[PDB]
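First, one chain by itself: the form deposited without the partner chain, in structure tokens.
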């Protein structure tokens, strides 16, 4: 016998076309009737001994809530006739594969735009009490018609003003903020804005700017580009236990603008990056105040994308 199921379609209505990722198992696919291309994330029921995975529920909670031109779009959820597929609009590019490919080239106008869409995408989700927690170029997709989308809300979680006790083991190392590396469990938006700083740089450098082998190593690269962590710079750092219980230089001066003059020419662009890569979270630029930065309001003005 079979069971009635009006609001879950069998994923067989799409035809798979190709693997593309890389948590978890992600295919491009085509709707058998219309040709509409989509992406399908299978939900991995392996090592899942507690029924349908709570984190999948979290993500699906969040994707249903975040509806916005700069946030990836969950179209529907599908079953087989056993597992479960998340179904998104398909995005033709991702910013990582654009920054590696060397024929791809960015004008200042095109870059201002990308950043603008990305800072807007952030403002939106933060405004909706969501933390993305996985900033990295590889999670920043772009569409053929040139619109940017943020992706992988697999690590996203909601946040509030309750003190909090959020997980620390978040964010790819190369994009993890200082705050986190010092064992902080009461953080918020400014962690996502650190990511954006790194990606903003990665726009002129084609490469992740701080590639560390471990926390120790990483934190050291950061204190090397943004100076040492002192309470004169970042008031109340001493309050953390991992503070002294860790090797950190002491004679380090902020070379944020110095090291990047090479690839980044625009001085407004530099001034912006410098407010994104700020050690102290509570002094690190808002996603609002950043969109309001003279970088977005000076020539060249931000332009559309056809430099594909």
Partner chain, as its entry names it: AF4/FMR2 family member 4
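Positions refer to the first chain, counted from 1. Just so we're on the same page, rigid core means the largest C-alpha set that superposes within 1.5 Å between forms.
Unshown form solved in complex with the partner chain; subsequent notes refer to it.
Between the partner chain and the residues 259, 254, 30, 68, the one pair within 4.5 Å by heavy atoms in the deposited complex involves 68. Screening 234, 204, 123, 90 for any heavy atom within 4.5 Å of the partner chain in the deposited complex leaves a single hit, 123.
Residues placing heavy atoms within 4.5 Å of the partner chain in the deposited complex fall in a single listed stretch, namely 123-131, out of 143-151, 169-177, 123-131, 100-108. Put simply, residue 288 is close to the partner chain in the deposited complex: some heavy atom of it is within 4.5 Å. Residue contact check for residue 292: one or more of its heavy atoms lie within 4.5 Å of the partner chain in the deposited complex. Although the partner is absent here, residue 299 lies within 4.5 Å of the partner chain in the deposited complex, judged by heavy atoms. Remark: with the core as the superposition reference, the CA shift of residue 51 between this form and the one not shown reaches 2 Å or more.
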